[PDB]
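The structure appears below as structure tokens.
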Amino acid sequence: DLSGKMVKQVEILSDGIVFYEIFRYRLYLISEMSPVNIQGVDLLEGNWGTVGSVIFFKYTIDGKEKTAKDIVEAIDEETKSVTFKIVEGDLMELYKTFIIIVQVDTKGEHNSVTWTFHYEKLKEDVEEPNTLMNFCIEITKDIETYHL
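Per the numbering used here, the sequence shown starts with residue 119, numbered consecutively.
So this is what it looks like as structure tokens:
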């Protein structure tokens, strides 16, 4: 009914490991790398790149400035995956819950990044998050090109 799930995978020409490392550790870099979408990232709790570390995001979606408070909820070094739960901010006005997993395929010649959302809507007339997903693909591209 209200639960839902959205997945996109996009190939990256840059290096997959360095990509992963950004989302795991140096997440304070998405600003310099995709400035248009991400105004700032602060670390509120714990250390960069730990499960349970809590981050505030200042970002822009379609010319509307927004805020998210996330908590890193899992890391898998083996599948180069890192999950984020969204606990406060503009999305929480549309969704009861929202998880974002970013997973990177770094084996072989061709590297990829898969984005997965898991979410539950407050109501049925709340919209599927394609705008958020386009937002992500877009950041993914910025990072890919940044110094290329």
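Even for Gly, the Cβ is constructed at its ideal location relative to N, Cα and C.
Let's see if you can read the secondary structure: which residues bound the beta strand (DSSP E) around residue i?
i, result
"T263", "Note, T263: premise wrong, no beta strand (DSSP E); alpha helix (DSSP H) at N248 to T263."
"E139", "Run containing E139: none in the beta strand (DSSP E); it sits in the alpha helix (DSSP H), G134 to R142."
"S121", "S121 to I130"
"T168", "Unbroken run through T168: none, as it is neither H nor E."
According to DSSP, is residue i helix, strand or coil?
i, result
"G158", "strand"
"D208", "helix"
"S199", "strand"
"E227", "coil"
Mark residue i as exposed unless 16 or more other C-beta atoms lie within 10 angstroms of its C-beta, in which case mark it buried.
i, result
"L250", "buried"
"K198", "buried"
"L209", "buried"
"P153", "exposed"
"residue 288", "The requested residue 288 is not part of the displayed model; the chain covers only 119 to 266."
"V128", "exposed"
"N229", "buried"
"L162", "exposed"
"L145", "buried"
Should residue i and residue j be called a contact, given that it needs their Cβ atoms to be closer than 7 Å?
i, j, result
"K187", "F174", "yes"
"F141", "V190", "no"
"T234", "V125", "yes"
"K239", "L120", "yes"
"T258", "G134", "no"
"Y213", "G122", "no"
"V244", "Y138", "no"
Return the chain-ordered list of same chain residues with a C-beta closer than 6 Å to the C-beta of residue i, the five sequence neighbours on each side being excluded.
i, result
"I193", "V169 and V200"
"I156", "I148, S149 and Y177"
Determine the extent of the alpha helix (DSSP H) in which residue i is found, giving its start and end residues.
i, result
"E183", "From DSSP, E183 is part of no alpha helix (DSSP H) but of the beta strand (DSSP E) over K182 to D194."
"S149", "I148 to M151"
Near residue i, which residues of its chain fall below 8 Å by C-beta distance, leaving aside the five closest residues on each side in sequence?
i, result
"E242", "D119 and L120"
Grab me the residues of residue i's own chain with a C-beta within less than 7 Å of its C-beta, minus the 5 sequence neighbours each way, in chain order.
i, result
"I255", "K126 and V128"
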